[PDB]
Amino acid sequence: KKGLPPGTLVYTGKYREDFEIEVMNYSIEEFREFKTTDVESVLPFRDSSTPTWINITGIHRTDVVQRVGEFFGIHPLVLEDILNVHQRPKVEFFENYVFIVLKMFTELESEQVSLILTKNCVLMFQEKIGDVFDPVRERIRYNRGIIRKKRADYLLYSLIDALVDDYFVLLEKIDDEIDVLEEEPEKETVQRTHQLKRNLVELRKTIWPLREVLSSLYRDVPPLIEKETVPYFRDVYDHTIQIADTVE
């Protein structure tokens, strides 16, 4: 992107295998889900009276990103940031939507996930198939908790909460694997151990920009997040600050 001018829509990542769209539209009474490779079948949820989760996997299909973006009223410079997967997590507020860029860890792998909250949709953009959001899927499907009774702002909370819980499970799992490898002096074990330590180092770097995002979502929130949902965002934020540093 060094040569390219502002506004150039180019995917900068390494995943060009998968493409699918997955929709879950729900209310108190019912839910509906489907998978498709036909972008025209997701456009009508823009105007839905009930909350929709649209998940687009394979942003290498920049034609599909542009189609969805232009129909949903997403500014071209936001579409540029969705496709540019080499950037620091951040949150940006516009009049009709909230834009969030996060990292998702899932043989440790990173991908960028973008989320757009409108009054009735969460649009989620991913690089490759596989995510940490199955527990939210399961709550929609079997009507567990309160997600089916709430709006898209609570859907955003639920997705970010799943990501944050997974993050803290993951780095506990990495600490345990590292402790075991150290009880184990073969060349493969040593180089592997040093690999897992470098991985743990990159995991813990991402807490700082994530805390900036979580802070903005509960302190002077914009109108697309309702007063009643703010306490849920405050709980996700609070969960990141529990083992505080000490000066002594």
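The first residue of the shown sequence is 1; numbering continues from there.
Counting the unmodelled positions of the deposited sequence between residue 120 and residue 121 gives zero. According to the entry, the deposited sequence places 4 to 9 unmodelled residues between residue 184 and residue 185.
Two stretches are in play, 191-199 and 38-46, and the higher mean C-alpha B-factor belongs to 191-199. Remark: stretch with higher mean C-alpha B factor among 174-182 and 143-151 is 174-182. In the PDB entry, the Cα temperature factor peaks, among 131, 107, 127, 95, at 107. Of the candidates 240, 25, 12, 229, the PDB record gives 240 the highest C-alpha temperature factor. Sort the modelled residues of the chain by CA B factor and residue 55 lands in the lowest third. Ranked by Cα temperature factor within the chain, residue 220 sits in the highest third according to the deposited record.
Sort the modelled residues of the chain by CA B factor and residue 75 lands in the lowest third. Per-chain ranking of the deposited C-alpha B factor places residue 112 in the middle third. Remark: residue 86 belongs to the highest third of its chain, ranked by C-alpha B-factor as recorded.
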